[PDB]
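The structure tokens that follow cover one protein chain in two forms, given apart as structure 1 and structure 2.
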Structure 1
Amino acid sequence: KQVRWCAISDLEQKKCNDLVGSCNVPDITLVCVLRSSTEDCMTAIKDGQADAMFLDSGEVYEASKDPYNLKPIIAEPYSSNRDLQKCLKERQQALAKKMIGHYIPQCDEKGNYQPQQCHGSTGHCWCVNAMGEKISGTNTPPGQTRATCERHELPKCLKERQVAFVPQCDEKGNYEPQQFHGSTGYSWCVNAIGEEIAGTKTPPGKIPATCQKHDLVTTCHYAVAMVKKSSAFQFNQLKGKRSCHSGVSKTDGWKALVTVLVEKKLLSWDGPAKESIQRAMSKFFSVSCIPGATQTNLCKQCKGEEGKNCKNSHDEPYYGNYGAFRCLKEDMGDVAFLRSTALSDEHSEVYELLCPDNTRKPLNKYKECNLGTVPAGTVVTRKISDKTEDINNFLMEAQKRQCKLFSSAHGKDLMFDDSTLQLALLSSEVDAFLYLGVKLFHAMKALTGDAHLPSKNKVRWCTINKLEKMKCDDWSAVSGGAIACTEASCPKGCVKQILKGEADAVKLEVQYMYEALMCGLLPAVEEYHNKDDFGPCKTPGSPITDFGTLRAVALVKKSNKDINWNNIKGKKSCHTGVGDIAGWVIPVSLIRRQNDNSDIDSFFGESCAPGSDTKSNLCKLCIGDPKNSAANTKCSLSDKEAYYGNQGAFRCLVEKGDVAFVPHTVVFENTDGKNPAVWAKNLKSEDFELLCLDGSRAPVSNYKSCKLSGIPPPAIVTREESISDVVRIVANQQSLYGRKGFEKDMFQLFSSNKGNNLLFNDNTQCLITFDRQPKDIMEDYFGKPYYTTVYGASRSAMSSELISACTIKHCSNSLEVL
């Protein structure tokens, strides 16, 4: 019902009052809280005196910590080569605007851009490639012959696959990051457009380089150094010069420049633990105006009034990009460090750029004469997110109602970057780390001084609950400084901690694996479950007969002789639950692979898949709670189902089913006398059969050959610089607290008085160092069958915030490169 925005200057508050008066959003009132600087506004938000504010990307990492503890919530979205049905989304967003006479993208039947796009109110038309970009030169006014529009929707990867080394592309048609030559056995990594990145080519037999995912994006902004053409100094002569900066905490004003100076060996400084950055910089420049700085000489050139001088605020006239430009123009500085948004051609007469290659270039080449790419700013609120909903509602309704958000007659870049086109809500999961990405986050961390000092003799294990934490603390007490503990909420959070340099290793089930391997983490060791062969564990290296991995299988009655694999469409199927690998994942994957219509809600009839829609066919014959008429619990992902799990899905094949999808063990777990005492009394393991791929059958004890696929074992993961460490520290720790370890009376790695299946599954036999075969990482852990069947042998089969954070954003002028 009310949203308080924090303004850092008088001009920002004037724009805020303007928007209070003009922008009428129903049921949400706007309020302007005035503070004197950026930091004061952050504090006011932390104190609940205000609700949200805009921040530069560089100010984000320090905002997520004490004494602010803020999180990003609303950012500007970038166009990329990963967007799907972009025309439909853009058309919807345009139709949602409360205005008339604006361009509403025209879509065809299939959700693709019409090659010709017209602006209705003006009569202008133009041509457009698949991603909506205007083909240069095709804008035609009314009354003039329209440019004939071709259909530019063939991607470059598919255009290269034809006329043919044959690359591998994904379902949409982009480049797979890992490329493998079929003629000459080799492996390398490629760009977002197919360019081979140097230093990655690998002859066969050798392990291949770990390739990283690339997204091609447009409209990137950069940090630049600007100098008047009359001056004659270069980059490595900055020492002693007078500088103008946008702000002490901005990326375009401070942080990128510092990273460059350090890499260029120009800044006399070693580490942030013994001397702050501002000291070294104050000794580097003579006099400067760097808003927010605490060194006297770094504020001499500023022109703010008494008390307003050198603040992170427009009250300081030299604050911001345009403030630094004004500082350079009035000759209060020799070089201005700012963003490529303040660039204009009206300035290309007097001003030029100053490249880190000790050369000068005109403004228009800012793409090749810069200090780094600068991500867009973000709206931030309290990490507790008590007001995210209201802020998002107000901002998006103001965008629909065409309020003057990203412009003002009072000044430039007030409240928001004036270069902002549209603001969109981020996932609630996104914090500073997920927003900045792994690389940029680690860079911010190393710059602020929180860089962790790696220990090659201590592994920090991550726990997912308090019971795991208690077992970890027992292990750490009996460990002798080799095992430490960290706390997280879910395995995904542990992977985040590992990538943030706050933890070292963690055991992941296969379901969490695809993301982990996608972010550069490798398997150090794996969980052995073969209850019958302790050979490979007592002498580390003795060959492995079988790993004890689960085998997903389809189990049927010998009574129903007609059910074969090539006719499973329509039969009552049985699933352990929506999410389980053997009970749900493998079958639906193989189905959408072999039957191209790929509809599983209609493929089966009256299946029991606990976890699907209560009204669909996937929740019939699901007897929910036999003796509980006080609650309807049918089709639930809990034991309140009489069909959840291996046992519950086995009840289905004997009751009202024709086929079940379970691990192979279930048949031997509830038959042949070793069964509970209700429904599987006189049932034997001979009365059942398995379904194989070629459409035949076999006895149950053929799960090695008549199998759907193989389930990869749970794996302990860590970073590549810790493998050789973690492995050995595991080995040392396994000869002491394993099953046949020396001090098994002190502690067991595979049992606990605090709970069951903590840290590792209780039926685990031992841990084995993951051998790194010379092939793809996913193909090595998952195995070619599982990989190809579930993920389609692709690195684009999944999209989450974490993979988006492990992504290199390849900047380009446009996606027209096809």
Structure 2
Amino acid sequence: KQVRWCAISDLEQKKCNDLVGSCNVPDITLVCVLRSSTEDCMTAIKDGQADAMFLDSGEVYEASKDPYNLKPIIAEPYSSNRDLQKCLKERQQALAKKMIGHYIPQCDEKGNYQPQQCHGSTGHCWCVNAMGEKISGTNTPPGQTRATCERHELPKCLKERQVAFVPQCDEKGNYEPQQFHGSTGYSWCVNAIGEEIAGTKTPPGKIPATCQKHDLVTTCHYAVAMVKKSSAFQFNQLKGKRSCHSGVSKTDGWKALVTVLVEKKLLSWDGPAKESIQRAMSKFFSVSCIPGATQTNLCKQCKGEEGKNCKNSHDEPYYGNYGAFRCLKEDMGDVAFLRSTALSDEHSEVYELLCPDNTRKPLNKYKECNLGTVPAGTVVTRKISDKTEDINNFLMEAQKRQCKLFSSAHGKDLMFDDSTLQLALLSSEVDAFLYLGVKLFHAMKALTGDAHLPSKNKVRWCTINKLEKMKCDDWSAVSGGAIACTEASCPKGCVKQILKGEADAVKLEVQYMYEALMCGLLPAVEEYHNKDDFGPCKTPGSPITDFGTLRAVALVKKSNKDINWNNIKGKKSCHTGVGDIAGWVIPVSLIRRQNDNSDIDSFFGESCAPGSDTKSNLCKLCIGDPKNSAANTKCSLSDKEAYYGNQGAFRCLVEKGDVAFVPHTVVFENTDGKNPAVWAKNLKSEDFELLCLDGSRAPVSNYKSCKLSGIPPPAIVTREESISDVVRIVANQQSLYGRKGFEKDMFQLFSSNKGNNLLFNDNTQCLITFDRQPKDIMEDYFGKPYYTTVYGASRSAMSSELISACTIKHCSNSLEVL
């Protein structure tokens, strides 16, 4: 097997061939393909001439589009997970330097930093926090009483909980995004470290601002503007100056600067629709070196010879952060835009930093004087990912064998950023959007000029299969411009489309709502399913007696008078299926919050929960159908498991188990002769009962009171800015095509000939506008009992790539005392 790495320059080719000769990965052969620039390597990968390369984050979005169509696959984790056992990696890397007397970080058995660190060759010791950051002032020489280093095993929120406001924390001890004051009614949002965001203070009785989840990144890199102390201009006087940039497509040399110039209104630019960003920048600076730029004056200062001048390549001596520094040093520019990785103390004598507040500060003040944070780059390959396995196996084996991937005598930041500690395989789900995150993806999209201009009068409805797409096309065809259709492969894909600005609304079952609410989407309308009362549909806003929701109940046989909610442990159970809300989510959530987290084996006896491990206690009661009893078909999440679903779990209770976990309708749907099957033909609803949380039992008609939990209705989600419009247009369309629509003979919102339950559940009576209450949206939508039961009333109850991409990563301020 081969992995063709694409190099952009002679120096990168030399490092790549050094790795070819020195790094022995069995069964995988490294091959180096040479191109003249970053973009020519991207093209070679697109064409199948190379396999992988490393890209700046500022390039990921552009790389994901024509004419490249590349995706991130392998990268260093840009989150607080970069610090999980980081001591071990820094220890391996320091020992890899093979320098005599060099300081080697000391870790414990778990891989964490020892609170006291020592430089063995000098006898000096100091204290570090759990992140490996030096506590200020704790360095002592040998022979002197040492500073006492504290373990500080509790997080900041849990340590503030020791003090007696009341900062609600999650289970890991981190701050909750939403903070609510108990004495008053004011609620606000915090920033992972426990500091309030401006604009989130909401008085009681007002709709609270939805808080985004935050994650603290320890070691951050920043885009800075470096100048000489000999000059005297300020940031507001940049127009007409000569500049050196690391690269036209890099965040540390272009995109952060462009963002700041637009925000400060220093750059005359009418937007990407009227003028390219490069065109506007070429009239802002007079003669610059900006590798890759297509404006000639932005290449005049570059030093490369014929054919190499202004190339995105180390063949251009002014390319990259150190090349832009060389350009500034050799006086070919008045300012250099570069990443803070190229700052050093040796440069603090001659050079300083130009800050966007029109001041100048020392180099050590880069956290206080920068143009934004720079996320880590990433290895990319073709979207079709035919070589991802090979690239990953090669890189992981090379890291395990400690090959010199992240350093070279030929130069700095060749092939990879030298600051890379460890590369890890990304999930195949990760694309440019998930890698950059919501805000950054949108900013890159807007800078490129692909930003969708919103329409207040049209709703782009997202579909999850071809039949939904056909039904939506019908709807759009009779909608008079009010409805358009987009296509995705699953509800999460639609949620992503909405977050990216490619769609506007989608219906989501409860399973998907947590994620959706985590990412800042809100319910516009909800499916109303009460078939006995059309009032709230005919007269929108009229009072509601029952929304038609399903209630999750624990059904028993009345004869077995020994089953109570307290002695459920050990009894035989019946479930509709793993993942189902009434059949699985709510029962197991209640059990785990009342006993120890142990549903597999350590609670029930023999059960039949389809989809579980075939050789487990939760699969003994399951029986397949004798139509093909040769195959197992036991615990199959399908019709072949006779105990799968509502009728399945009821049959399980009938023939095997003691208690069934089902929606309240199952016993009524299957008893009283309403089921023509052989079983339940003589079954009565009065022959069963339901278990209550207080240990009591109640008749099957008491499901509204004696229930395990309520279940929220399916919700149509959209972005906040679209709520009104969506609520309006749906309403209009309902009055046309709902169950009593004026033109119901032309189209039906809640039925179709193309299939069943497309876009909405066919049993939907209508869609009712969500009435937002002055509370947290998680509680407001789920109901406080459901929220508290299945998510602990916490924003940290689930992890996913989407939730990560919706999590804001941010950096500290300056000092590291404690």
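Structure 1's sequence is the ruler for residue numbers, which start at 1. In this text, rigid core is short for the largest set of C-alphas that superpose within 1.5 Å between two forms.
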- Task: May I ask you to confirm whether residue 564 and residue 241 belong to one rigid part between the two structures?
- Result: yes
- Work out from C-alpha fits how many degrees the smaller rigid part twists against the larger between the two structures, would you? 25
- Item | Following rigid core superposition, Cα shift of residue 633 between the two structures in Å | 1.1
- After superposing on the rigid core, how many Å does the CA of residue 122 move between the two structures? 12.0
- Note on the structure: The CA shift of residue 678 between the two structures, rigid core aligned, in angstrom, is 2.3
